[PDB]
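Single chain ahead, by itself, as structure tokens, in the form deposited in one PDB entry.
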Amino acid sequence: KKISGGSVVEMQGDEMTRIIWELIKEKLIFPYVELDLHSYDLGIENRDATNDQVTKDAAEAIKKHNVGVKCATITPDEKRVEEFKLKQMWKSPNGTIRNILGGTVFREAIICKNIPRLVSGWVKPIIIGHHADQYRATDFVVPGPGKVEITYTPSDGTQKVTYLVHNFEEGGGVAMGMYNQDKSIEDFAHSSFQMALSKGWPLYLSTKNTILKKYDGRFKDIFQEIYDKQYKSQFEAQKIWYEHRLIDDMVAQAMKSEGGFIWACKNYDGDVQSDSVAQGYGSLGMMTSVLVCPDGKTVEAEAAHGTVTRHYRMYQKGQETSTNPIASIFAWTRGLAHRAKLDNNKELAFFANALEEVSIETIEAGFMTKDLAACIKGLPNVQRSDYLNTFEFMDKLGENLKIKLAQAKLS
């Protein structure tokens, strides 16, 4: 008998991650779990043939079913449009899914004891939620002298208000306007509080409300009042807390820490690709994300990395690859964990736990892909004997998962 897993939305993607994804299904999920599988094919070719309709259906299906697990997908640029002979430059599937579901993206690196962290003392997870404000900035060029003003015009016909941004008296420059709605800050707080409670770690919000007393102040105030009104009691009953920190203070305290907290980052750039610390552990192969909706009901899980084109080109040319499947595995285990939580499914919750722990324990036992060996050894000194290829590593996790599940049949 396999475990009854229930309703899961699954999105197939592109290139190397598509390959790894099928291995995870074939070798780690399907042998143990029976799913009411809502599979959508978000490969670039299927997205093109359906005029991106598959991406919309998949999003609507997560809304309906509450648990999405997504493979990484090609976001087409002009070079991909030539490669695939695409009908048009299809928007990022991630963009499409985000704006339908709403939510806050939380990223977390998976800790192995034998894999050096940026701070050696980091042994508990650090979980970063970003809002999105560069993404809704209206920026322009100031060609020469003149006034830049930002104005608020009430919908109710009361007096417009005007604020001077700058009087350019000599020469030009550059100017932009940025906003946040109360509604989005409330969603971000709720997603942020829901996560801390569910992982049982404390929550920090970092801002620069010393400089931006109004803009960042609003984030501090909404978080604080939603905490007091709605979450304080639950937090104290898990012996955790919420606290606001100035960014300077948060960074300082985080580098002194052991980890084990949620960090809500009111920030200009929330991209993984521009975050040194995300990029200064193992690979993006050890970075997982979850989109958490404010309801605390609906979750979408993916690897924080891309389709690993470089490795895929090697795999088409027949050459040996060593691609880290951990972030992709943890998309599955976080989705199934959330499935298990919604359905009070003790067996699926155990299984999801077992697969996370077999993943960490396999790497901790010395069995790893090249990227992780390069972290221990330095890339110049890595030998073939220090690591496993993609298929060798997936077979080793399969071996260990079988053994841990056989042993667990004593409870």
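Under this definition, the rigid core comprises the largest set of C-alpha atoms superposing within 1.5 Å between the forms. Don't overthink the numbering: it's just position in the shown sequence, from 1.
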So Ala132 is built in this one, but is it left out in a third or more of the other compared PDB entries that include its neighbours? yes
Checking chain continuity here. Are there deposited residues lacking coordinates between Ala132 and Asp133, and if so is it 1 to 3, 4 to 9, or 10 or more (or none)? 1 to 3
Higher average CA B factor in the deposited record is what I'm after, so tell me if that's 76 to 84 or 172 to 180. 76 to 84
Stretch with higher mean Cα temperature factor, 158 to 166 vs 227 to 235, is 227 to 235
Highest Cα B-factor in the PDB entry belongs to which of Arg107, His305, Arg117, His338? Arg117
Reading the B-factor column of the entry, which of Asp221, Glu258, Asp187, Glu300 has the highest value at its C-alpha atom? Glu258
Split the chain's modelled residues into thirds by Cα B-factor; is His65 in the lowest, middle or highest one? lowest
CA B-factor placement of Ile376, once the chain's modelled residues are sorted into thirds: highest
Please place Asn389 in the lowest, middle or highest third of its chain according to the CA B-factor in the PDB entry. middle
Lowest, middle or highest third of the chain for the C-alpha temperature factor of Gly285? lowest
For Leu410, return the chain-relative third of its C-alpha B-factor as stated in the PDB record: lowest, middle or highest. highest
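From this point on, the text means the form deposited in another entry, which you will not see here.
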In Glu82, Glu320, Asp77, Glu258, the 2 Å or greater C-alpha shift between this form and the one not shown, rigid core superposed, occurs only at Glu258
Checked in the other entry: CA of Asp139 to CA of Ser92 differs by 3 Å or more, atoms lying closer
Answer with closer or farther for the CA-CA spacing of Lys124 and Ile360 in the other entry compared to the shown form; it moves by 3 Å or more. farther
